[PDB]
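Notes for the structure review
The lines below spell out each chain.
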Amino acid sequence: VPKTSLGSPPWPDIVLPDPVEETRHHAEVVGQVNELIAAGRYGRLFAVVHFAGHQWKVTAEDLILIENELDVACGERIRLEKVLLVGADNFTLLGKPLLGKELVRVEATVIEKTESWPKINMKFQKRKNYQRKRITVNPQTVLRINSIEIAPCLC
Amino acid sequence: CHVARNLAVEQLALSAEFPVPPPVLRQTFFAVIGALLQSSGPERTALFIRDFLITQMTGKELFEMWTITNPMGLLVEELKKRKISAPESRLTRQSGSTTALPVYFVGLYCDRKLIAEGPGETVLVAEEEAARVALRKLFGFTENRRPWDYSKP
Amino acid sequence: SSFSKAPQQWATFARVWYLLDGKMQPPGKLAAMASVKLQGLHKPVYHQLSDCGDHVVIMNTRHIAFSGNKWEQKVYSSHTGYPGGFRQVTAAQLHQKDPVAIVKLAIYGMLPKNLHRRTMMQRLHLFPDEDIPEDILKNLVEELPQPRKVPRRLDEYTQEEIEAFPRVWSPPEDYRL
Amino acid sequence: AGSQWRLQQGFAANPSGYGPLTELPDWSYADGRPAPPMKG
Amino acid sequence: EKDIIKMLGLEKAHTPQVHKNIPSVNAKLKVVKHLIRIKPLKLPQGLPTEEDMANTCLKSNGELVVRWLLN
Amino acid sequence: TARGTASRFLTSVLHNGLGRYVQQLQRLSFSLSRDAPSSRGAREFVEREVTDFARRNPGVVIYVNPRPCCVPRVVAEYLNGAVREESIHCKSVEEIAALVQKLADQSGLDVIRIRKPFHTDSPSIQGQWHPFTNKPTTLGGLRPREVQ
Amino acid sequence: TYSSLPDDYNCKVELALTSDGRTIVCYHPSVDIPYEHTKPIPXXXXXXXXXXXXXXXXXXXXXXXXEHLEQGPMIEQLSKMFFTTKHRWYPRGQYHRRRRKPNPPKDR
Amino acid sequence: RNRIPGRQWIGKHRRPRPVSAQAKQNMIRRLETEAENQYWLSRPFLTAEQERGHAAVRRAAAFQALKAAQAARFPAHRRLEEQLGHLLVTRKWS
Amino acid sequence: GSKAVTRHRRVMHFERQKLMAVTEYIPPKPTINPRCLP
RNA sequence: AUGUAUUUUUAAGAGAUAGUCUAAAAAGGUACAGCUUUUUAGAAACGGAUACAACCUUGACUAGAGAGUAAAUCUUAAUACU
Ligand SMILES: [Mg+2]
Ligand SMILES: [Mg+2]
Ligand SMILES: [Mg+2]
Ligand SMILES: [Mg+2]
Ligand SMILES: [Mg+2]
Ligand SMILES: [Mg+2]
Ligand SMILES: [Mg+2]
Ligand SMILES: [Mg+2]
Ligand SMILES: [Mg+2]
Ligand SMILES: [Mg+2]
């Protein structure tokens, strides 16, 4: 097998380190990070949060509008639970496909229960004489994310 | 003024000229503050004040409310106070010089370490903004900074 | 991360000047990426109603490579609008007359068909050889990877690699070459 | 996409179906009071 | 064909349904076999007792699980 | 219709709910007739429910006037300076109740197309994308063809 | 000492996986730009507007520039400046100016 | 300048459209699923006489529920409280 | 409509064509060519 | 049998009874029609066949700044006789 434009697969060859070296390297990296967390040196967290059928990018102090009614008294403080991603400037924590509750916590507040503005759904036919007009209103709920809190523990 | 307006303080206030010319509104608001200070501890009014005022700083910048016009000089002074010597402006990224809309990135270096960097429409305004940045990281007012605490000790 | 507002936004939507070398490249495979970069589709901030598109300078335009016999059978047509004013031209001829055309038509025909094509057609600069106004030289940000790996002629190979490749067949001595 | 691989591992075709994603009760009261159950 | 499918309760697509593996039914399934996907049920933990009724889930490999999500 | 109306981004009144949540509803003014049938539901509501609702919500004032009116009405007013008008006209007690509770939980903000569901200040933690961000720099910061 | 992508730019990037296995982690410190890769700031300022005889005459000589062209030509240069076509640069009609939103909404 | 006579897809002359590699794939995919199907349909649990009347109990009972369903249709009870409750219409303060 | 037998070769309905393209003859393909074998 | 919920009757009713193509079996015609004539099957999407009535995918509601899929993007090759 000499070097012909075919005989050599046209793409860079692959090397992945031995799993033991990587196990060490990993425990190392995780530890270092866990020390950044123990320290509290992360400035501001964001987290990608699954909620109410959607995914959102959440940071503290902010606002999202949920399309369905949630039963909570206005003003209640609420622990969002499903968290896919977490992040901070230096480093980032990723759920498969979720994070342990103990690993992170996000507390948001329900701000406003409301009704959506009128939407207009109109079906129509050509010269079959069929119009149907409907006006729809959707119950909506606005939450303010209060705090993203990250606890030290990771292994 | 804006705040007290939204708290219906303007609504409740006894004064001539209903629009409540702004000074009178300030006075009245802070009056409700001091009255709280007498009716409840300083510790309570602390909570209040941090709720209805500090918040209004949310999203806002440093040099938004500081207004200081020579970032460069202040930078060198605060550096002097840090026992750090000489901010050195050195150009990093540039797209177009013949453009009507060129872009510059001027980096600021202390002892060949990069302290901060900034974008701009001219090399001048770039130096300016990289300086803004440097100042921000120095003082700790930075987007990345821990968002403010709200808690009940 | 922490920037003031005016500069921050100026940075995000900043136009860029890209350079792309054409010597020995298919006008098609060139115009593909040329068009990408023109529409602004390399920028994750991209949006259609947003003006983003980046300048593109292609150089060494005369040195286009055409796969197949395409030089011979691809014809470019156009019409004056006058009766019998219709014009069919072999690609070879056209390029002979005006080096720039071939590539320009590729890129043109490759953009969406709305108005902004006309406008992004402006940010496209095309040079037969490498001769560029030091104006346009001055503002060049970055070089793009050549979209095809050009085959070397026989004469490029080092004698090391000539010897390195094994002799496949042993010729008879008697035979004359 | 990615239905295939998901299937071969034995998950749902769709990440919405029957995964822990959908199953868990995504909010609680901060007090710890378990939230009223979900219609889905 | 339509009505085979109607009397199989196969009305709504991409939805699993269960049926006897007896031949009486295989008549029907044989009629529509190109419209459908059949796969054998499997019961690894075995059959649900009454206690396990609210906990029973069905995995796409064609398997039934009795205990779903312990604590 | 979208292009018909105004819009507003999603927002808080006075950054409500951040430090402490403050019910944004200020006062309610019911106007009904002791006599007219049109007000029937709203009479019963005034009897039974109003009392307790008031206890539910200290922050709101409730002004209830029987007057010779033929169309029962309730007018919400908000700290936002905003005012909203309503008819309680010919509704049940259940109905009224639900509606007053609607008014209770509103921003006072206007009902208009809300451009996007998320209001975020400084979404950009750890950076905000700019063209150069993923480009490697060269030695001397030279151009593509520039020489030294 | 392995990352899939060069640490040339942005962040040096560390992927890792928890010994549990239910969590991926990432350590990404910013990679700052080397002083070697930098070039000096351009400095150009030159004033010849000063005439040796009278310097008020000379400092009134930098306020002495201004000019007037026609609509067509001006538009051509304008559009050769910012690399747009000649179209963007024409006025809009009365009806079209009427309907520009008087008070447009602002985020942030 | 090359035209199609008449209607595109209809007559004795048609727009030619060719099979796609994609198409070959889709078809094979379906064939696969159906090969598997007619496998799983091969080997029944019970035999034929084995399944004789094996729920004759349930099948008549469902039908007795179905019968019983229409058994029950009669006009609805009418109560005092309706006829009289219509007078709450005029309910007064005085 | 065209009769089941014609002179002119009769366009097939698409799905039948699909069926063809699937059922094409495939010749056994050798591991190593017999001629280039010893 | 079995899988399903239909079917028959009784009291009232109207419209409709001027059809198109698509696969199939047949006749007529020129083994011609976007042709005509019957029988059995299908359809008449806001998705795909660029465009499209009939072909293929799918049957349906209301809202989401969620996800999974379906049909489908377009290919296939032709040299001496010393
Ligand atoms: Mg159905
Ligand atoms: Mg036609
Ligand atoms: Mg035809
Ligand atoms: Mg026919
Ligand atoms: Mg007729
Ligand atoms: Mg008739
Ligand atoms: Mg016909
Ligand atoms: Mg029929
Ligand atoms: Mg279409
Ligand atoms: Mg549906």
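Residues numbered from 1 in each chain as written, not as in the entry; some residues may be left out. Chains lettered and ligands numbered in written order. Part of a larger assembly, values for the part shown. Heavy atoms only, no water. Residues with missing side-chain atoms left out of burial classes, pairs and counts.

The deposited coordinates for this entry were obtained by cryo-EM, with a reported resolution of 3.80 Å.

Examining the packing of helix α6 (residues 71-80) of chain B against helix α7 (residues 123-139) of chain B
A pair of packed helices can be characterised by two numbers: the angle between their axes and the separation between those axes. All names here are of chain B. Applicable threshold: Inter-axis angles, ranging from 0 to 180 degrees, are taken between N-to-C directions of lines fitted to C-alpha atoms, where helices are fitted over the stretch in contact. Here a strand is any run of E in DSSP of at least two residues, a helix any run of H or I of at least four, and the numbering for each starts at the N terminus. Helix crossings fall into two classes, left-handed where the near helix is turned counterclockwise from the far one by less than a right angle and right-handed where it is turned clockwise. Only heavy atoms matter for contacts: two residues are in contact if any of them lie within 4.5 Å across the pair.
Where α6 contacts α7, the two axes come as close as 9 Å, and the packing angle between them is 35 degrees. In this structure, α6 crosses over α7, and the sense of that crossing is left-handed. From α6, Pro71, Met72, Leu74, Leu75, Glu78 and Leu79 reach across to α7, where they touch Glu127, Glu128, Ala131, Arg132, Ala134, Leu135, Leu138 and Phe139.

Brief notes about empty space enclosed by the protein
With a probe scaled to a water molecule rolled over the atoms, the places where space remains empty come into view. So the rule is basically this: Cavities and pockets are found on a 1 Å grid laid over the protein atoms alone: a cavity is a set of points where a 1.4 Å probe fits but cannot escape, a pocket is an open set with protein on both sides within 12 Å along at least five of seven lines, and a lining residue has an atom within 4 Å of such a point. Grid points are joined across faces, edges and corners, and a volume is the space filled by probe spheres set on the points. Amino acids are sorted into nonpolar (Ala, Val, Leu, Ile, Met, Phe, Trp, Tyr, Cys and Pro), charged (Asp, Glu, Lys and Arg) and polar (every other residue, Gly among them).
In this structure, the largest cavity occupies an estimated 230 Å³ of space. The wall of the largest cavity is formed by 20 residues, among which A:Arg44, A:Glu61, B:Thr58, B:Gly59 and B:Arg145 lie closest to the centre. Its residues placed into classes, the lining of the largest cavity shows 6 nonpolar, 5 polar and 9 charged. Size it by volume and the second largest cavity reaches roughly 130 Å³. A:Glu112, A:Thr114, A:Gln140, F:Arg8 and F:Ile114 are the residues nearest the centre of the second largest cavity, which is lined by 17 residues in total. Elements with a minimum of two residues in the lining of the second largest cavity: β7 (104-115) and β10 (139-150) of chain A.

Let's talk about helix α2 (residues 27-39) of chain C
Residue and element names in this part refer to chain C. As a reminder, the rule being used: In this analysis, the expected span of each helix is defined as 1.5 Å times one less than the number of residues it contains. Throughout, exposure labels follow a simple rule: accessible area from a 1.4 Å probe, protein chains only, divided by the maximum for the residue type, with under 20% read as buried, over 50% as exposed, and the rest as partly exposed.
Relative to the 18 Å expected for 13 residues at 1.5 Å per residue, α2 spans 18 Å between its end C-alpha atoms, a close match to the ideal helical length. Residues of α2 that are buried: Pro27, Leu30, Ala31, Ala34, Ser35, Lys37, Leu38 and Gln39. Next to the buried residues of α2 lie β1 (17-21), β2 (55-59), α5 (99-110), α6 (116-120) and β5 (124-127). Backbone geometry just after α2 places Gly40 at a positive phi near 95 degrees.

Looking at the interface of chain A and chain F
The following threshold applies: The quantity reported as buried area is the accessible area (1.4 Å probe) lost by two parts once they are put together, taken as the sum for both. One side-chain nitrogen of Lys or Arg within 4 Å of one carboxyl oxygen of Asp or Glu is enough to make a salt bridge. Side-chain atoms alone can form a polar contact between residues adjacent in sequence; in general such a contact is a pair of N or O atoms within 3.5 Å, and within protein one must be able to donate a hydrogen while the other accepts it. If DSSP finds at least two bridges between two strands, the strands pair.
Taken residue by residue, the interface counts 25 residues in chain A and 29 residues in chain F. Its largest share of buried area at the contact with chain F, chain A owes to A:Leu63, A:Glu115 and A:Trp117, together 26% of the area lost on that side. The interface formed by chain A and chain F contains 0 salt bridges. Counting the contacts that link chain A with chain F gives 10 residue pairs in polar contact. Elements with a contribution of two residues or more to the side of chain A that touches chain F: β2 (54-59), β3 (63-66), β7 and β10 of chain A. Bridge analysis of β3(A) against strand β7 (residues 118-119) of chain F gives 2 bridges, and the strand direction is antiparallel. When the bridges of β7(F) are listed, A:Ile64 appears paired with F:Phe118.

Comments concerning the pairing of strand β1 (residues 46-51) of chain A
Residue and element names in this part refer to chain A. Summarising burial for β1: 6 of the 6 residues are buried, a large majority. Bridging between β1 and β2 involves 6 bridges; their strand directions are antiparallel. Looking at β2, one finds that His50 is bridged to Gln55. Here β1 hands over to β2 after 2 residues, with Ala52 in that stretch at a positive phi of 55 degrees.

Here we look at the nonpolar core
In summary, soluble globular proteins display a tendency toward joint burial of nonpolar side chains. Stated formally: We call a set of buried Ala, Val, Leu, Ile, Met, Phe, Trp, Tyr and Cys residues a nonpolar core when their side-chain atoms join them within 4.5 Å.
With 40 residues, the main nonpolar core has A:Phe51, A:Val83, A:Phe91 and D:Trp27 as its most contacted residues. Among the elements that take part in this core, helix α1 (residues 19-39) of chain A stands out by supplying 5 residues, more than any other. Every residue in contact with A:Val83, bar those within four places of it in the chain, is listed here: A:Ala47, A:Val48, A:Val49, A:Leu98, A:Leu99, A:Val104 and A:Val106. Residues C:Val56, C:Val103, C:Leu126 and C:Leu144 belong to the second largest nonpolar core, which totals 31 residues.

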